[PDB]
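Hydrogens, waters and symmetry mates play no part in the numbers below; they use all other heavy atoms, side chains included. Chain identifiers are assigned alphabetically (A, B, ...) following the order of the sequence lines, protein sequences preceding nucleic acid strands; residue numbering begins at 1 within each chain.
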Amino acid sequence: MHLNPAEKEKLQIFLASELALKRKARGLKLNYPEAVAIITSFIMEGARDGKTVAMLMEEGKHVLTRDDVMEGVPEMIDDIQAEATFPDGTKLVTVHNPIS
Amino acid sequence: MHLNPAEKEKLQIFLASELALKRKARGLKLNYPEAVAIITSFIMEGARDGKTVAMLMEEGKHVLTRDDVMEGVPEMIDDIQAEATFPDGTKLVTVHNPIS
Amino acid sequence: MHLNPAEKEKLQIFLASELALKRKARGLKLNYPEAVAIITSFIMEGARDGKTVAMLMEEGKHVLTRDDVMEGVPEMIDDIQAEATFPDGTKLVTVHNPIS
Amino acid sequence: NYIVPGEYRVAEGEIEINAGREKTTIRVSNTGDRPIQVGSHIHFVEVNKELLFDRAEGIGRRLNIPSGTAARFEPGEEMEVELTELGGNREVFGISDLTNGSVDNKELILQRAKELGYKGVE
Amino acid sequence: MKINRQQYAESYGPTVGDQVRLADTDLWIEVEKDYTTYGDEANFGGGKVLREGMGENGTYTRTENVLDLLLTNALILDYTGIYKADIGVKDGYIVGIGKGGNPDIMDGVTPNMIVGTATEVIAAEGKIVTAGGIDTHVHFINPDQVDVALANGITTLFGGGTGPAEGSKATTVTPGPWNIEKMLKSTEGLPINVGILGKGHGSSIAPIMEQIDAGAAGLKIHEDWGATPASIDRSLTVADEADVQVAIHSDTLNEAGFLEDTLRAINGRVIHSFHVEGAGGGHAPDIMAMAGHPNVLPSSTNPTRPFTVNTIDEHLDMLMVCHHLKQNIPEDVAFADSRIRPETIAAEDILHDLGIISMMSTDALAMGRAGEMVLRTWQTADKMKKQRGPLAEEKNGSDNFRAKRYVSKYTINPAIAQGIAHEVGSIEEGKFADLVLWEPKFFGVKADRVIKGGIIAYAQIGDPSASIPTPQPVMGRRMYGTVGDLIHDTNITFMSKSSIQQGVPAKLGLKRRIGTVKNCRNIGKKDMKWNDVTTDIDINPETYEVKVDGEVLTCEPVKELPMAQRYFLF
Amino acid sequence: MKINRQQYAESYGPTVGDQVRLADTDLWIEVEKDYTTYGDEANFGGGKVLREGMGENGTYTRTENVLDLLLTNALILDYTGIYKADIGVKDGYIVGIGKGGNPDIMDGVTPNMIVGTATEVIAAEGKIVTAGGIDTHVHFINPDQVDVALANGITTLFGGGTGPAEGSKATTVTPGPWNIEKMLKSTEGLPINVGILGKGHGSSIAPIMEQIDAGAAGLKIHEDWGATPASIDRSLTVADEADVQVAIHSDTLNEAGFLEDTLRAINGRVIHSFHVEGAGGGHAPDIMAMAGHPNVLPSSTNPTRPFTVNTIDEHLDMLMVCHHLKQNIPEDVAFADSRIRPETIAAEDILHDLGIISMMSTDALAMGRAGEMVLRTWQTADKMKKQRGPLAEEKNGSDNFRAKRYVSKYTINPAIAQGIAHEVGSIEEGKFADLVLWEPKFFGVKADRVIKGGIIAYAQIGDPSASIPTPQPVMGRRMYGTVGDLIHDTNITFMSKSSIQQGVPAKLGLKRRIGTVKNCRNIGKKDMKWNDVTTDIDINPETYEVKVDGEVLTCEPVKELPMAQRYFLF
Ligand SMILES: O=S([O-])[O-]
Ligand SMILES: O=S([O-])[O-]
Ligand code: NI
Ligand code: NI
Ligand code: NI
Ligand code: NI
């Protein structure tokens, strides 16, 4: 596979997001690291899908809403940042105030 | 996410349990580490769901039965122990003789 | 669980294959590490299922076809090698030219 | 325009190995009952005693085959091979200890070969 | 007051006459003798015996017959016996095997096994304790290989390499003074004992010898560097002068000679014949005949061990991959068919059972599995019991003879071959405290704790954030023996006498314990414990049939092994 | 006997006139010359040429013209040429580029490239071999950055920082004697070459100079510490005395001056202008005009490299995040719009192609990607070929001129700028053996093996438990060169002459090889290999249009790059 260090690390984020999605599916309000994981994996998968940085800045604000998360979580997440390989190479996505 | 060392490690258990559940779903009798993984992840998810330590001590004895596992596995597992964050903080669950 | 070093590492391959399978399911042409991951996990799961080395040498050539992967991927993969625990212990499987 | 990452686009033409060196064809027989495979750069006179050939014709020579390849003799098999000349200083040391110096010392090489039972000293 | 035997074994581990199943094999070991005094067993914990004024002596300073470490109630499995004892460690060495505690109040205390203020305790009741495994065929290719080895109970790696260079990927060789010096330095950071082999190739002495003087512990002759009569001869002349061992991977191609020619070059001198069955390398097809000779110390590598239904398919393809062979160069197909042979692989199982192959080894990362030497030894012994029956020499229905024959293959015999058995390779007084604790359910599969120089180096242990160490995930992890400078005192770098005399450790700044290789040239097959058989092995050049004492040695491949899918996640 | 060229290239790697595609780019490199003697190619393995009495010499001791390491059949890509040769290493240095083997029997053997008993072999047939990358803009923020660098072929990190302190998160600075001493000690454990920059700020000489005497290798002037005329001047006076390089990140805000003021303070003295295009910092909007001047050694950082459809969106937001800017402080919006400019980013692509920007660098973890300097160099070259055509200087349809121009940007040019090209930065005889092997399919993407001081430090290699090293998972892993004390002999700490003369290495107990920085003040643009163009660059203050020789330099952003989604898992 030729995994580099970032590729190994970033598999953890996907895993954490899968964990969190299972938790959400069984009716739990998500916590801080769960919410961060879901939004982060969504950004990275979106890059893989070939979306633009601008599309993901917009979409990342609609992945989870306040009723999906525990009290205070929205206000604990000022932004979520992720780097991924777009069709035009690595770029940084920052989603500002993802959960209103 | 602010993952600490235990949070990183414990993602491995979830993963191993997902692996084992796929193996069970395709009809295999499970082996020692597969069985341990499934029961351990069940305890940790149960804590996340807000069950009590006492509920999980009871339930963990009914997650796998002897017909789910290879010969000798039941007798190889004297107990399964896991720590997880309950609503009232980290607690230790020990499931005694989980598979009869 | 008593995980040894190889067991920990090899969980990563399963995870990468699960990631790649999701990507394929949503319609993407797979890339080099995605393709390697899927074929590798298939070999390891096949060993777990109790297939023979010879069966897996054959089957591994039919897991992905050229229309499943990006341009050039087939020709980048000369072979895929994996070791797993068969019913008769660890063996090496090499799938030669898996994607035509 | 299909892209194979890292592919070669080789030039036209062919590569002549061992150019300019004398070539010699000899017949060689594996008189033993186990297979013998001989690499490109072994001093030919020092190969396995049970290969029968004119030992003198192997002095100062090796197989004229691509570097790193080999010729195979199954038990009882006789075939022809093509040899090329050793280069550099044309000295051989070690291997079977038949030479240990210049390859020009044919009589000495053959004497040692004969005494030790290397087949084909004529 | 009497205790029934079931309850006694549950509390203290088994005693005389009791049997214990090895993992999920059908091998049973029986307690031969027990050093305890019943009622004065040592144990540690709340209200237990090892407490001040009681089983722990409160008077004596450390120097005064007090231990640094007591392993209580161990079931020892060793070439020397299968028996129950306390094991006492001091200054990193085994100082006492017997009965530990306090002579104030206990009967039967071995006089230098006092539990005192200075003493740490490991509870070995219910565990099997063996010597650390000695792997003498290690390619140093990927440092991640060390933990793989430790996890299956290996504590000494002898071999060569510089990492994933092609020379090293093919051969157990660290070539020349500079690469040797560099790898001795690298060794400072590897948490396992090490000895390094130089290149056993050359037609002049000095290029070979300078490797020994640089700090090599031995030499390797490998066909990939030219396993010629000259290189064989020079290497063995060096070894005889230097008192180090030579390993050989002979000329598979029969290019400069057949087996008899290689034996003539050896000229009766001592040599360790690697992968003697030959799938891993050597004169085709008859190399395994080396194992009949009195001057040959023969080992197997592990992928042929034992003969299974996937072995041949796996090896034919592994060989093609390794050597870049093509399925339409008829010479490559013929080569592979001449090298990978069910006839010699099946005979190799039986030769082990008969004590004619004396040693196991890995061939780690070149054609063998770093963490499966111990594993596959026991799988072989189990297959042979099933196919050949309990051996003649057994009694009481136990498999003790076989168990001593097979444990010797990866403990004492490699150590004797290498000239390091004064230091390592068995549980005996005066040897380094390299000890492996096994739960019987995991015996030969996954080690519980690996003690190196008297401090735990590796353990299967759980969540480091937990209230106790047993919660999940329980995985193999490096312990305090590997951390900081303790890595220097818990591990040995084995070196030639001449490099030691010449001050190489100081020149390189080596802080590890320095072990001296010696008494390598004055031994033979007869010195291989439990595996000392010399015989004429005939290998038919047409059919590859192996005969010993006029009888064809053949057995079937098995479809399943113990110590396999019950245990492993992959 | 003749071999067709396809088969010859398959066996030995390509020869004269043969072309090789770089990864999945449309760049082709052509073999210019070949040092071999056809039929006497070196190779290693069973029945191969490097065997005793044959291609390996069995007579000579190590000192006698014998190598420690031979890389066989390498395709070298270097500022010095694109050509085929064996590479010989001894004592950690490149000693021979030519033809290796045995003069006994081979023609054409370079006289100090004898394969002997002492010699290890790496097979480079079919690989591209380059010098290790020299990254001169490293923020030392997170030690996990080192493996990221090694995985993309970087072997030297020059920069500063103390970990994730704000000063370090913004600036390549290790400030003052104590932090310098502490980070030289930390460096003992980093498996890569290092040089440390002090704070290039002050209005008196002594506070600045004391950093050089403490063991800094250079200085960094950064606007976040006040990139004032005084700090510029003092730093360059120190540098001129100490013979070390000064890097600059100028006053973006134009607070104390415009570009011309910074140039006046420099006063013709040598300086390395970091992120010269300016998105990464510098006088708005015209900093890139520095790259026209003869006393400026200009580098780019990597996130602008090359200009893509997501670049501007990404950078405007990255800048807002980094500087805590708010979308409703109109001054913050204006600042960002003045700093992130498509006009200067597109021109930066072309300036690289023209040889007017001489160097690439990362800006690791401050505004740049530790593992993408090499990656993005080649993506830029590929984009420029597509948009501008093969350059004038090409012939035979190859991209050799461009390939030499661009490899120089991350190998030799940074080394010359820093005063370390006597040691590192190119594949030449007498330089340290920092070498990167690449499979052509992965060229510039994921290194195969990274050799540091002649021992492999990092490799893409597989399962450590396997019979061979190629089974999955194949991932980047630290090799034996990084382990134990070998980390000291395989890596260089670059220091000022004065700290070396003053005994700093002994005072701190540094065991690493110590490299001397020198010949930094007597160079200019003309000394940048393949990238020596001086010209008047005009940047329009209203439109940000860049002109050179009266022509607007503009190109389009691309939607896709090679060396991207085919290769990466994320
Ligand atoms: O490395 S193999 O030749 O035992
Ligand atoms: O760290 S940024 O100023 O090159
Ligand atoms: Ni071998
Ligand atoms: Ni080997
Ligand atoms: Ni900057
Ligand atoms: Ni910077």
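- Sparse packing is recorded around NZ of F:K559, with 12 or fewer heavy atoms of other residues, nucleotides or ligands lying under 6.0 Å away.
- Here the side chains of D:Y8 and F:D18 are not in contact, with every heavy-atom distance at 4.5 Å or above.
- Chain D is approached within less than 4.5 Å, heavy atom to heavy atom, by F:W28, F:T37, F:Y38, F:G39, F:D40, F:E41, F:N43, F:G47, F:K48, F:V49 from residues 26-49 of chain F, ordered by number.
- Listed options D:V10, D:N64, D:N1 were ranked by heavy-atom pairs under 4.5 angstrom with chain F; first place goes to D:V10.
- Put simply, of D:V92, D:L86, D:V38, D:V103, the one with the most heavy-atom pairs under 4.5 Å next to chain F is D:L86.
- Residue contact with chain F, scored on non-hydrogen atoms closer than 4.5 Å, is absent for D:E85.
- Looking at heavy atoms from C-beta onward, F:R5 lies in side-chain contact with D:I15 at the 4.5 angstrom threshold.
- Remark: F:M1 CE to D:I17 CD1 distance equals 5.0 Å, nearest 0.5 Å.
- In the displayed structure, D:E115 atom CD is contacted under 6.0 Å by at most 12 heavy atoms of other residues, nucleotides or ligands.
- With a 4.5 Å cut-off on side-chain heavy atoms, D:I95 and F:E52 count as touching.
- Residues that satisfy the salt bridge (charged side-chain N to carboxylate O under 4.0 Å, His left out) test with D:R55, not counting sequence neighbours, are absent from this structure.
- Taking chain F as the reference chain and counting heavy-atom pairs below 4.5 Å, the highest number among D:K23, D:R62, D:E82 is found for D:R62.
- D:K114 NZ: 12 or fewer foreign heavy atoms inside a 6.0 Å radius.
- Applying the 6.0 Å contact sphere to CZ of F:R388 captures more than 12 heavy atoms from other residues, nucleotides or ligands.
- With chain D as the partner, the residue from F:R566, F:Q19, F:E439 showing the most heavy-atom pairs under 4.5 Å is F:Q19.
- Note on F:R21 versus D:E7: salt bridge recorded, some NZ/NE/NH1/NH2 to OD/OE distance being below 4.0 Å.
- Of the atoms belonging to D:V4, it is backbone heavy atoms, and not side-chain ones, that fall under 4.5 Å from chain F.
- In terms of heavy-atom pairs under 4.5 angstrom with chain D, the leader among F:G58, F:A9, F:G101 is F:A9.
- We find that D:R21 and F:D107 are joined by a salt bridge, their nearest charged nitrogen and carboxylate oxygen being less than 4.0 Å apart.
- When F:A23, F:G17, F:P14, F:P562 are compared by the number of non-hydrogen pairs under 4.5 Å with chain D, F:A23 comes out ahead.
- Note that CD of D:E12 is 10.0 Å distant from CG of F:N4, once rounded to the nearest 0.5 Å.
- Contacts of F:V20 with chain D are made by both backbone and side-chain atoms, with heavy-atom separations under 4.5 Å.
- At a 4.5 Å heavy-atom cutoff, the contact between F:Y8 and chain D is made by side-chain atoms alone.
- At a threshold of 4.5 Å between non-hydrogen side-chain atoms, the residues F:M106 and D:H41 count as touching.
- When heavy atoms are compared at a cutoff of 4.5 Å, F:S11 does not approach chain D at all.
- The environment of OH in F:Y60 is sparse: at most 12 heavy-atom neighbours from other residues, nucleotides or ligands sit within 6.0 Å.
- Annotation: maximal heavy-atom pairing with chain F below 4.5 Å, among D:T99, D:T69, D:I3, occurs at D:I3.
- A donor-acceptor pair is defined here as one N or O able to donate and one able to accept, closer than 3.5 Å; such a pair exists between the side chain of F:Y12 and the backbone of D:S67.
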